[PDB]
Amino acid sequence: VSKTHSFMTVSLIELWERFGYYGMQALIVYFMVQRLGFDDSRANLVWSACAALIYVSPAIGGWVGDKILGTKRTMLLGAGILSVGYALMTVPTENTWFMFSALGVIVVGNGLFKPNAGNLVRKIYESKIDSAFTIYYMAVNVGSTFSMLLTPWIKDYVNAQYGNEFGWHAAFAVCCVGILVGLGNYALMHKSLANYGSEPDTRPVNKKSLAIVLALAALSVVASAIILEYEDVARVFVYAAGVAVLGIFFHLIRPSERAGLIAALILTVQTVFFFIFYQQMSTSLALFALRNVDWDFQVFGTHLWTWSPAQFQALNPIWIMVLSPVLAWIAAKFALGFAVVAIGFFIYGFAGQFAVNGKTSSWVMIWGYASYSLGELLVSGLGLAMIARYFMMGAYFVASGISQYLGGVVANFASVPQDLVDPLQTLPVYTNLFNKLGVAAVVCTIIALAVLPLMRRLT
Ligand SMILES: CCCCCCCCCCCCO[C@@H]1O[C@H](CO)[C@@H](O[C@H]2O[C@H](CO)[C@@H](O)[C@H](O)[C@H]2O)[C@H](O)[C@H]1O
Ligand SMILES: [Zn+2]
């Protein structure tokens with residue numbers, strides 16, 4: 001039919017997938033802390049381990065859609081499995097194993113969905129793939145905005161008319177029917193828009209490999225659930241992957257090439273840093289929003305409205321959509337990014353010195369997330385081939401996986417013990433982390449500009 005139509009369908013199903021996913025992420029930590037009894041340390045480590053899994057998962061999932069099942073087939077399978085996972089989240093049973101298994105299913109589903117939906121856009125546009133991917137990114141952002149604003153409100157509302165459960169599980173249901181809606185979209189536009197795409201979807205499904213894939217999917221679901229349960233297991237796995245990438249980069253260097261390689265290394269550790277800084281919003285910043293922020297949002301000086309802590313995360317995509325058209329009107333952009341993130345974290349750090357009544361800020365979250373999200377926008381060029389100045393393109397992925405977990409253990413530095421609820425005492429330990437992160441980010445700014453001549457040497 002058209003290229004715009006195909007890109008439309010893939011951006012649509014993408015939009016709804018991300019709607020579901022972020023609809024869950026916005027509430028997951030608060031679920032583990034408030035509804036479940038987890039302490040914020042375990043919440044951080046677990047959610048970040050899961051995040052690492054989710055972000056390293058599409059590696060395998062991408063190869064499956066290209067080389068075994070149909071890219072469209074794999075995408076769909078991922079969507080269905082995702083729906084199943086959220087469905088598992090929706091049943092009101094406070095059984096840690098149950099939720100962990102649900103998370104495993106979500107991980108697998110994502111690994112199968114994300115990289116193949118991304119391949120489609122690339123095949124629908126065969127340099128205008130950037131024109132596509134930007135719009136794509138925007139669709140992702142509006143979806144994620146809608147969900148991150150909707151689901152916490154569902155959580156609160158249902159928790160009022162009914163007792164504790166569902167409330168949370170209701171929200172997870174919202175995610176689920178989000179996925180179902182997306183799948184309905186695809187179904188109503190399948191051969192219509194998509195039509196042509198995939199490396200091996202031109203034939204019927206090979207039931208042997210489909211079987212072995214579903215089996216191994218169950219197996220990976222189990223592996224996931226177990227990794228999530230035991231903190232030490234997660235620690236060992238992640239640490240192992242760390243030794244792996246350490247070794248890979250160790251061997252890569254073993255005269256003229258080093259100008260590209262060392263630069264790539266400094267770059268990849270910078271990426272690690274940046275992803276820690278990102279991971280902070282999912283955890284410690286979210287927790288901070290929950291325990292040390294006046295949920296009463298005032299437009300100086302009236303009242304509308306009243307935040308629900310999770311909804312503060314919705315500030316991230318909103319600001320992205322707002323400041324994107326402004327920026328529309330060179331590894332130094334990395335440095336700019338790090339600096340902007342820095343002053344964001346200083347705003348969170350300076351949240352104590354001003355606007356404080358115990359738990360008070362509100363606007364600190366807004367300007368903070370503004371700066372931080374701008375900083376996110378500034379580093380769109382994380383591309384694996386971008387550091388490819390010389391394996392490293394691969395190891396980069398795994399390192400970028402571990403980065404998340406590390407972000408978790410960083411957010412653990414502002415772990416508030418459960419028996420401490422006097423916010424007047426909790427506020428500093430957050431602003432101590434946040435003021436400390438601000439300084440760290442500035443060092444990263446120095447790193448970026450210092451390694452900039454090494455980018456000039458190769459050229
Ligand atoms: C596709 C992109 C679309 C983006 C727009 C998305 C719209 C978001 C819809 C849901 C918004 C709900 O988010 C907001 O949650 C807060 C906190 O519970 C609600 O707060 C509401 O109930 C609380 C508690 O009874 C009251 O104190 C408050 O006066 C009232 O507004 C708001 O009514 C709601 O606006
Ligand atoms: Zn300071």
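We did not get these values from a lab; they are worked out from the coordinates using the rules stated. As a convention, Cβ positions derive from the backbone with ideal geometry for all residues, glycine included, and neighbour counts pool all protein chains shown.
Quick notes
- Segment 331-444 holds helices (runs of 4 or more DSSP H) entirely within its bounds, and those carrying 2 or more residues that are under 17 Å from the mean Cα position of the chain (by Cα) and not charged (D, E, K, R) map to 363-378, 392-411.
- Qualifying residue in segment 115-123 (condition: away from ligand 2 (no atom under 16 Å from the Cβ) and surrounded by fewer than 16 Cβ atoms within 10 Å (Cβ to Cβ)): yes
- Residues of segment 409-437 satisfying the condition of being surrounded by fewer than 21 Cβ atoms within 10 Å (Cβ to Cβ), in contact with a helix residue (DSSP H, G or I) (Cβ under 9 Å, 6 or more places away or on another chain) and among the polar types (S, T, N, Q): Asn412, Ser415, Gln418, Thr426, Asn432, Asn435
- If the condition is being more than 20 Å from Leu188 (Cβ to Cβ) and of a type outside the set (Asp, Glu), then segment 76-94 contributes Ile81, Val84, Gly85, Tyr86, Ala87, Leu88, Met89, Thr90, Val91, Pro92, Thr93.
- Of all residues in segment 440-449, exactly one satisfies the criterion of being more than 16 Å from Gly349 (Cβ to Cβ) and either within 12 Å of ligand 2 (Cβ to nearest atom) or loosely packed, with under 15 Cβ neighbours inside 10 Å (or both), namely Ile446.
- For the condition surrounded by 22 or more Cβ atoms within 10 Å (Cβ to Cβ) and away from ligand 2 (no atom under 16 Å from the Cβ), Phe274 qualifies.
- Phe350 being hydrophobic (A, V, I, L, M, F, W, C), surrounded by fewer than 23 Cβ atoms within 10 Å (Cβ to Cβ) and within 14 Å of ligand 2 (Cβ to nearest atom): yes
- Only one entry of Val245, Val233, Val221 meets the criterion of being closer than 14 Å to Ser57 by Cβ and among the hydrophobic types (A, V, I, L, M, F, W, C), and that entry is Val221.
- Total residues in segment 155-181, condition closer than 29 Å to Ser324 by Cα and within 14 Å of ligand 1 (Cβ to nearest atom): 3
- Of all the listed residues (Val140, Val121), the sole one being within 16 Å of ligand 1 (Cβ to nearest atom) and closer than 22 Å to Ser324 by Cα is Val140.
- So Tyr157, is it in contact with an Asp or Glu (Cβ under 9 Å, 6 or more places away or on another chain) and more than 16 Å from ligand 2 (Cβ to nearest atom): no
This table checks each residue for (1) among the hydrophobic types (A, V, I, L, M, F, W, C); (2) more than 18 Å from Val10 (Cα to Cα); (3) assigned to a helix (DSSP H, G or I).
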| site | (1), (2), (3) |
| --- | --- |
| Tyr30 | no, yes, yes |
| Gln34 | no, yes, yes |
| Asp66 | no, no, yes |
| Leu82 | yes, no, yes |
| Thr93 | no, yes, no |
| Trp97 | yes, yes, yes |
| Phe100 | yes, yes, yes |
| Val121 | yes, no, yes |
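- Sole residue being surrounded by fewer than 23 Cβ atoms within 10 Å (Cβ to Cβ), more than 16 Å from ligand 1 (Cβ to nearest atom), under 30 Å from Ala395 (Cα atoms) and of a type in the set (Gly, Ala, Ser), chosen from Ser256, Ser284: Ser256
- Among the residues of segment 420-439, the one identified as aliphatic (A, V, I, L, M), within 12 Å of ligand 2 (Cβ to nearest atom) and more than 15 Å from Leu287 (Cβ to Cβ) is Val439.
- Candidate set: segment 123-140, residues that are within 19 Å of the chain's Cα centre (by Cα) and among the aromatic types (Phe, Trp, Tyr); chosen: the one nearest to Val10 (Cα to Cα): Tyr136
- Restricted to segment 381-408, and to residues there that are among the hydroxyl-bearing types (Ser, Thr, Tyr) and within 17 Å of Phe273 (Cβ to Cβ), the residue that is surrounded by the most Cβ atoms within 10 Å (Cβ to Cβ) is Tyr405.
- Every residue from segment 200-242 that is over 25 Å from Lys72 (Cβ atoms) and β-branched (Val, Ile, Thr): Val222, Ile226, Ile227, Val233, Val236, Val238
- Residue in segment 289-298 that is under 19 Å from the mean Cα position of the chain (by Cα) and hydrophobic (A, V, I, L, M, F, W, C) present: yes
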